[PDB]
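Below: one structure, written as structure tokens.
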Amino acid sequence: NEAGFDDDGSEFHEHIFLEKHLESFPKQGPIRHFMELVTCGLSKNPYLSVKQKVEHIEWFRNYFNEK
Amino acid sequence: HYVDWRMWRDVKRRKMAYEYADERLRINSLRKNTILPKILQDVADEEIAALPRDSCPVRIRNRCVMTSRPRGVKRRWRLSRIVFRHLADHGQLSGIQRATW
Amino acid sequence: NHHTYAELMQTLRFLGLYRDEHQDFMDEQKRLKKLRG
Amino acid sequence: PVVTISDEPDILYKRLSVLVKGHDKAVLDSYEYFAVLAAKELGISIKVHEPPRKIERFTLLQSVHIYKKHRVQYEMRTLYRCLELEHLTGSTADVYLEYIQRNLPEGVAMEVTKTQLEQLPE
Amino acid sequence: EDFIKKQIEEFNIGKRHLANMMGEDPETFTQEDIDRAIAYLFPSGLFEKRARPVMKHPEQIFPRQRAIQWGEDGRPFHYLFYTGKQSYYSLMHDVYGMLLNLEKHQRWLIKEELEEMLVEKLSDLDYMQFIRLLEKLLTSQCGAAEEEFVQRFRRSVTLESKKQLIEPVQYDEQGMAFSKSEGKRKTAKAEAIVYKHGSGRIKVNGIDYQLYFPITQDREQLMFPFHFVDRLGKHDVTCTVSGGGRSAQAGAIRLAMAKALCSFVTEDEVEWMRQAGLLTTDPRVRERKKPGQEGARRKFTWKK
Amino acid sequence: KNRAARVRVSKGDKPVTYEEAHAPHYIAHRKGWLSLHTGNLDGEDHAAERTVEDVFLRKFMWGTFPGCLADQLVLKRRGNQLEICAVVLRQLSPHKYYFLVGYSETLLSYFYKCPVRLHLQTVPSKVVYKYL
Amino acid sequence: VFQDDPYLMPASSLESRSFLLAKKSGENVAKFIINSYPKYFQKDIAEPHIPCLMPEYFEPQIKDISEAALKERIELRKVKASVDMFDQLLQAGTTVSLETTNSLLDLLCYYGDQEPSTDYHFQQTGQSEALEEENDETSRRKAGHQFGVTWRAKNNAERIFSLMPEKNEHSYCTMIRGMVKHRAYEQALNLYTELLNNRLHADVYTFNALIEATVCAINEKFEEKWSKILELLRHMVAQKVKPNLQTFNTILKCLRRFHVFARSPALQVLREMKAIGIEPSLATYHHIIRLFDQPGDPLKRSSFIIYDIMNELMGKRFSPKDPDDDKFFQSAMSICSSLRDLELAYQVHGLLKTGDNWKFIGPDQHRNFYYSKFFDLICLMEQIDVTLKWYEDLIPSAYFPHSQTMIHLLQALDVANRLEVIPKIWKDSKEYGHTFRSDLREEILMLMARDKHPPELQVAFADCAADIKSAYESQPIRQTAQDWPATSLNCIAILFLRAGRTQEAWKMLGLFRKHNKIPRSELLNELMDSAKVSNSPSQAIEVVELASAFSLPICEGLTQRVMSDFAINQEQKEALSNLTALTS
Amino acid sequence: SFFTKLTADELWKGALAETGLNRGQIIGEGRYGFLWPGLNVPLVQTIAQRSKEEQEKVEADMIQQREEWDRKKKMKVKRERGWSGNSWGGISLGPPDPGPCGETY
Amino acid sequence: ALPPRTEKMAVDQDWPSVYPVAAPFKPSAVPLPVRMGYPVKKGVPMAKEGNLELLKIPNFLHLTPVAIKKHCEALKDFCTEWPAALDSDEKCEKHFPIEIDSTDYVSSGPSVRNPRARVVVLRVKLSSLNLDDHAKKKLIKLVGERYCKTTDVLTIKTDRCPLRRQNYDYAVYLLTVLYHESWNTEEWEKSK
RNA sequence: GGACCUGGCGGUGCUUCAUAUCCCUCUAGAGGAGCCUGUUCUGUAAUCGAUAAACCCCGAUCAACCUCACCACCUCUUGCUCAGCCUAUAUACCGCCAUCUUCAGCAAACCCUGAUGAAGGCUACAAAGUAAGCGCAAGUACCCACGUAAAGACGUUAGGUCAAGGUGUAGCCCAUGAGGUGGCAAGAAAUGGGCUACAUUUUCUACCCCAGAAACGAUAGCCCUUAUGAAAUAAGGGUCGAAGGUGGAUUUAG
Ligand SMILES: C[NH+](C)c1cc(NC(=O)CNC(C)(C)C)c(O)c2c1C[C@H]1C[C@H]3[C@H]([NH+](C)C)C(O)=C(C(N)=O)C(=O)[C@@]3(O)C(O)=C1C2=O
Ligand SMILES: [Mg+2]
Ligand SMILES: [Mg+2]
Ligand SMILES: [Mg+2]
Ligand SMILES: [Mg+2]
Ligand SMILES: [Mg+2]
Ligand SMILES: [Mg+2]
Ligand SMILES: [Mg+2]
């Protein structure tokens with residue numbers, strides 16, 4: 317049921333452990349709490365991969381820097 | 028070459044909602060998280076209220092896949108009542124019998 | 054999408070590889086309707 | 061008959077259980093006799109089981125405009141038959157699976173296979 | 071007919087091919103061999119057994135075509151031809167003649204079976220007259236030729252027996268004798284194990300009957316078979332029970348208990364308690380709601 | 036009265052086959068199913084597009100095999116081999132038959148992206164089960 | 088490949104070929120309409136992705152004048168478009184790189200300044216099956232000329248070669264190969280001399296092309312061309328390029344063109360192959376087989392090397408290397424048919440059954456020739472039980488037999504005196520479509536009415552002959568309006584009388600009178616016997632009148648027999664006397 | 088839509104309303138007229159598309175055949191008059207039907 | 052038409068050679084006058100040569116016992132045998148402790164994408180892990196919602212990552228880090 | 001006008017029956033109160049279809065926008081479409097049903113009777129009827145052969161739907177077609193069907209039937225919070241403590 321579909325050799329840490337793309341702010345902040353929430357959500361996504369996970373993360377980074 | 032203008036309007040809804048799904052997802056998460064300040068949510072309220080009123084999944088009507096009929100559709104084949112009756116009565120649909128229990 | 058479907062059947066019929074009686078009906082009926090109307 | 065015994069020890073499948081779902085008990089038990097005889101001449105251990113059938117019943121109107129009091133009711137018979145394999149090899153497993161999925165029946169067949177590879181902890 | 075002949079030849083070659091086809095190159099391939107073979111090769115799955123595949127000989131497949139009743143001169147063969155019911159009227163004449171010369175000297200067939208034997212369509216009153224004439228032949232004291240005539244016309248009865256199936260006594264556990272029976276009533280199942288002695292002790296689902304059955308009606312339901320058979324404080328039952336409600340469970344326990352006390356009681360008494368109505372499953376189960384109704388048989392409002 | 040798939044008795048002169056003759060309440064008691072695909076059981080996802088491709092296939096084969104299909108096809112579906120098994124008549128020439136078989140073979144393999152196989156079966160005349 | 092319906096069966100090899108070409112026609116039907124309309128099919132549903140189910144785009148998507156567009160239309164095989172925009176690059180002044188100028192001249196040399204043919208080439212094998220026994224030399228002269236592109240002077244390839252600045256080995260090799268392919272042999276040799284002057288290296292393909300060009304040159308002796316081939320291989324060794332199987336197979340094809348004088352050179356070539364260590368292929372053996380087999384050779388030691396070849400070649404499994412392995416099997420059992428050797432035919436068939444040599448059989452025409460001559464040999468010198476076993480094993484599973492094969496079946500069955508098998512093979516021939524074969528009809532009828540038979544064989548022959556006559560009647564209005572043969576009519580009549588269908592014999596004697604064909608004396612005597620059985624003086628007088636009208640010299644004996652054997656009235660006596668007076 | 092197209096017999100039933126015409130077509134004719142080697146012309155093996163003047167000449171032949179077949183629908187049949195036109199009293203039915211007992215009138 | 056191979060065909064003929072593949076009915080190829088259908092009142096079941104019901108039957112005319120015998124004469128090459136791991140469940144548990152659920156769901160159509168088919172779940176025995184005392188106390192206190200009492204089976208679920216092999220990786224990673232955090236003594240264990 | 005034939009009718013006769021229908025009977029309701037939801041009427045700039053049995057929680061297994069075909073305003077012309085139209089006709093239709101049907105008849109092809117009229121065809125101790133085919137029946141599904149399902153032909157009511165879709169006829173194409181934005185679904189009243197009650201076999205609590213206590217009733221109104229949604233209908237809590245005293249004629253269901 318998984319013929320092809322390598323997902324560039326993601327291998328289980330890029331999908332759920334998003335510290336390396338989290339790029340820690342002051343972790344006591346509500347922004348960092350939102351990052352924890354969205355990180356847990358993107359970890360629990362099985363339908364999305366690491367590339368769209370990190371473009372979601374970067375979209376939030378861009379919007380938060382805009383504000 | 029669609030069944031009717033209502034079906035074509037619905038497929039416009041589907042295609043461009045599927046395009047404009049991600050931004051709405053980010054900003055309605057920004058609605059219903061209770062961490063951010065209220066005005067910092069109000070600017071987000073402005074952005075979704077400006078996001079067009081054809082991509083929100085509130086206009087998506089599951090019509091019949093062969094012939095446009097809003098009410099009376101079985102989801103498992105996207106078929107209307109009498110079209111599903113027609114096909115599963117002529118017998119081109121596997122496993123559907125007449126329920127006699 | 055219905056466009057690939059309907060326009061492919063359209064192209065195949067006017068290539069002559071497809072014969073659909075509904076379009077035959079509309080052709081004959083519109084021929085008579087332009088004859089008299 | 062290319063073989064190519066390559067490098068690494070067996071994946072050690074215990075209980076590869078095949079749930080065969082069908083609309084048709086005749087297809088299910090003919091396939092049962094097929095799989096049982098194939099497993100018997102293979103030498104692997106086969107056991108039979110019959111999970112109970114599920115009937116998906118639902119109701120539609122009969123006329124197009126009025127007359128709700130006269131409805132039609134349609135049903136689906138989803139019968140399940142279980143062929144559990146215990147004590148079969150990984151190579152025997154995927155060759156037996158390959159054979160039975162070549163000769164899997166049509167739309168009246170699904171082959172839900174449950175594989176328990178054992179391994180060592182780490 | 072040549073159609074029948076070439077069909078018979080085709081069936082012979084086909085059954086030879088069928089046995090060689092499956093595994094059975096030896097010449098003896100029986101009809102039930104043929105049926106199981108075609109059942110495996112073509113998965114039937116149609117609710118009508120006549121809509122299933124069939125591989126029989128053309129005698130059974132094709133109906134009985136009556137032979138030509140006249141040769142190439144006109145002149146039909148049987149002398150009672152122009153009646154149009156030649157076999158039936160010949161049978162009347164023959165039975166009448168045996169009655170006549172018997173008087174000078176001194198279950199039953201169904202209409203469908205008689206029509207099959209005569210290969211002629213018959214009327215109901217015609218069949219009644221035939222049965223009446225054969226009754227007259229039996230009532231008159233007749234000889235052995237007439238007896239074998241009547242016995243060729245008469246068929247079997249296939250009587251059943253209503254003696255209740257006695258379960259074997261299982262001398263097991265440590266040294267005790269028990270019987271393990273089953274009961275079902277209204278989606279409830281009860282497997283009961285009664286030991287012959289024990290002075291009366293009930294173990295429904297690990298607890299006693301005063302705990303699992305706080306209702307005196309349920310206690311009377313468990314009472315009922317002991318009190319009919321006058322063996323009240325003599326036995327002990329342990330029950331496992333699944334599903335249903337309080338009275339369905341009580342009735343299922345009563346049924347399984349009675350169907351093991353059958354093994355623990357004499358044959359005259361078990362016939363008597365079947366007559367009392369303790370060994371028969373109650374088929375009264377819930378019906379189905381219907382589309383356009385308000386229940387199983389209850390309908391909606393104003394209809395007339 | 037019920038007339039879902041019941042052909043009505045005209046005068047006793049109407050050729051009809053088993054499938055058109057039998058009523059929809061004999062759909063699994065006497066008839067069977069004309070398309071065998073796995074979408075309609077307990078656990079499956081894509082049955083809707085299975086059905087839409089089924090009706091596409093029926094109308095397409097009828098439009099491209101004009102006036103030679105005796106009764107309706109058998110649309111079997113196993114793995115990724117589609118089977119269109121046909122009861123086609125013996126009127127048009129076998130060169131035309133093979134031409135349309137290859138044409139349909141290739142286009143349907145190409146439109147549904149799998150192995151698609153058409154298996155013809157030639158019949159002299161449209162078969163009559165009973166005269167109604 | 089064919090279907091399983093009895094109406095859709097091919098009956099003959101021509102019908103099978105027509106069915107197959109119609110199927111390939113429909114295949115490229117869908118290919119054409121699909122590549123014309125790729126938009127309707129861009130939606131992929133299968134996973135994983137199938138690029139050979141994805142559309143092939145034949146239009147150039149790159150429109151600006153660029154080297155990427157040059158590589159694009161070179162890959163798309165658009166010769167005129169590539170030439171025109173290479174010109175456009177030249178007037179634009181963009182320096183076009185060496186590799187893509189090479190690729191452009193590669194396309195030009197491969198296609199001869201023309202587009203690729205829109206039809207996938209399956210033609211030029213449409214010879215009729217009624218001329219397979221005469222004039223193979225003129226057949227060679229009118230069938231060895233494929234209408235390819237002759238190398239025209241001042242073409243686009245030569246223009247690009249003159250225009251491009253820095254000539255190299257790849258371009259020189261390409262244009263020598265292209266000149267050889269388009270029959271500019273002398274120009275290719277001159278360009279090779281220019282290569283040697285310019286100090287470049289020519290590769291294996293170019294050297295094989297040069298060998299072919301030297302051989303295809305006109306007005307030179309085989310000795311001179313052999314010395315030239317030796318000089319070219321010495322140049323190969325001096326340029327340190329290693330020759331191979333295709334090189335020596337081109338050499339073997341050339342000496343096959345060079346006939347009787349090149350047999351010992353062919354042996355030297357194969358010995359040098361085994362000395363160097365490159366495995367000779369089936370097509371190597373094909374070239375030496377067809378060299379040593381020539382009509383008019385009275386020695387056949389050139390046919391004993393075939394036993395040498397198989398003595399090398401038993402028990403081996405092969406892989407595809409060289410296109411003439413199907414021709415190897417066809418030619419080697421062409422030797423078998425020429426030599427009439429059952430043991431070698433069986434040994435080649437065993438080599439065939441070893442492994443994928445059944446794949447090495449090749450095309451349908453070669454397969455039909457293969458099994459046709461094999462079964463001709465089987466019927467010629469095998470015993471009848473194993474000929475019938477090979478008949479049921481090969482026909483029609485392997486091939487569709489021919490009418491010459493049919494008459495050879497009849498000859499074999501007549502030699503074996505197993506005339507009870509004639510109706511079965513007759514029904515098989517009518518099944519395969521030999522109904523309108525008059526030679527087959529004449530052969531079956533003469534072998535069929537030659538002798539007196541047991542009555543069940545007689546009535547089976549009566550049914551077969553009645554159906555033959557039904558076909559003869561049911562051939563209406565064709566340009567080959569074959570008149571009723573006298574021998575066929577006489578044999579049909581004799582069979583009808585022997586089976587006892589006298590009335591149909593009489594009405595086809597009416598057909599004798601209708602078609603003005605002279606009847607046979609044995610037939611007239613059998614008619615005398617049938618008239619004796621039926622006691623019919625009128626029928627006897629009718630057939631005696633037929634004999635008198637055809638003026639046969641047995642009519643006096645027929646009249647004397649009728650007088651001796653029938654009680655005849657005076658007016659019939661007078662009529663018979665008048666007929667005898669007219670014949671006298 | 089192609090999906091909501093229907094069948095010839097059903098459309099004739101719906102149009103005629105009797106319960107209360127494609128025979129003049131070859132298998133491969135289209136308005137583009139890309140004549141195949143399997144369809145129309147027999148099986154040289156060369157795919158081609160015929161020219162314009164051939165397209166309109168072929169369809170003009172088809173439409174004059176249409177008009178001729180409309181005419182062969184619309185002849186007038188000649189019925190002999192029995193005692194008057196539109197009557198039945200002198201109309202000659204044919205010979206009596208041949209008897210199944212080897213009898214003919 | 053032609054007289055068919057049904058009556059051209061004679062006894063002792065190889066049937067794996069006749070029908071290699073799963074194919075629809077083809078009555079001319081079938082040497083059997085098989086009759087379908089509910090018969091008419093004064094008639095017989097409908098004949099063989101044209102039955103769409105014969106066609107619609109899933110047609111297990113490509114598989115008989117002697118064919119499957121010969122098929123697995125060919126297919127007998129593709130197998131090893133087992134060691135003496137024994138039929139004893141406790142013996143095979145001792146030899147190989149952990150147990151893992153990793154499945155496939157075979158559909159039939161254009162695509163083989165059943166996402167739920169990546170479900171993976173690991174069951175391991177503490178009595179086979181053999182190295183847990185206050186570590187097993189800490190273990191249970193970590194995984195409260197699993198570890199039913201009546202059998203010593205630990206069942207950890209993964210359906211969070213799209214691929215089956217990295218689901219297996221999540222199972223083994225969770226096992227080893229739950230083990231390591233159980234053996235990591237924390238400073239607030241005593242104030243329980 | 002006279003005499004008939006066939007059918008329908010009869011507050012038409014005799015006889016035998018109906019059994020949840022015909023009555024006497026048996027149980028539980030409606031009709032009386034509140035609420036929900038359709039319909040009529042009124043209203044609005046604001047769809048349409050059903051309308052005794054066989055309409056009235058009906059198309060809808062379902063309208064905040066969407067749905068939507070309604071209205072208001074403003075825009076589009078080869079308009080997603082070799083356009084389209086939810087424009088008119090269910091009295092042109094196919095398609096999909098209701099009703100008799102909680103029936104058993106409809107009948108090709110013949111033969112006979114009636115001076116060869118419409119028409120009719122019955123007597124088993126038998127006087128002209130024989131009958132292919134549909135239907136009942138039979139065979140299937142569910143737990144049995146019981147029961148419930150399914151099934152019930154020809155025809156009836158021009159019975160329902162051009163609005164599920166297709167479609168003939170007539171019409172439009174500056175329109176009656178297409179798109180965008182915003183509103184339409186309120187009761188001086190009435191009526192159909194449901195839900196909850198008017199409590200003592202009741203109410204609250206634990207238990208899920210061996211107690212303690214009382215000695216009533218909105219799923220309505222208002223407020224708060226939550227769910228889902230761009231934008232509240234639904235859910236919970238708070239608040240409140242209606243009318244209501246087991247309902248006549250008539251009627252429903254078993
Ligand atoms: C006026 N009448 C003579 C009539 C006429 C037509 N149609 C036409 O004549 C129109 N014809 C044109 C369009 C001009 C070509 C009609 O179409 C109708 C009717 C009658 C109705 C009566 C309907 C009524 N319903 C609404 C309750 C009724 O009492 C019944 C019934 N059985 O209950 C009906 O029969 C009725 O529904 C009905 O069918 C009518 C018409 O169809
Ligand atoms: Mg009904
Ligand atoms: Mg007139
Ligand atoms: Mg409008
Ligand atoms: Mg009406
Ligand atoms: Mg109306
Ligand atoms: Mg019903
Ligand atoms: Mg019935």
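Chains as they are written, first to last, in the UniProt record's numbering: chain G, 317 to 383; chain P, 28 to 128; chain R, 54 to 90; chain W, 61 to 182; chain B, 71 to 176, 198 to 395; chain A, 36 to 167; chain Y, 88 to 671; chain E, 88 to 107, 126 to 148, 154 to 215; chain H, 52 to 243. Heads up, the beta-carbon is just placed ideally off N, CA and C, and yes, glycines get one too.
DSSP places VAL324/Y in the uninterrupted alpha helix (DSSP H) bounded by 309 to 325. By the 16-neighbour rule on beta-carbons within 10 angstroms, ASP106/A is buried. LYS275/B carries a strand assignment under DSSP once its states are collapsed to helix, strand and coil. In the DSSP assignment, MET97/H forms a beta bridge with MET87/H.
For the set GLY122/P, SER107/P, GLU46/P, the Cα lying nearest the Cα of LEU71/A is the one of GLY122/P.
Less than 8 Å divides the Cβ of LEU126/H from the Cβ of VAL155/W.
The three-state reading of DSSP puts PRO135/Y in coil, since its state is none of H, G, I, E or B. Taking 4 residues as the shortest admissible run, the segment 97 to 151 of chain Y contains the following complete alpha helix (DSSP H) segments, listed from N- to C-terminal end: 100 to 123.
Contact between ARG264/Y and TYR292/Y holds, since their C-beta atoms are separated by about 6 Å, short of 8 Å. By the criterion of a C-beta distance shorter than 6 Å, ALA40/A is surrounded in its chain by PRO59, once the five residues flanking it on both sides are discounted. Beta bridge pairing from DSSP links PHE269/B with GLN261/B, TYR286/B.
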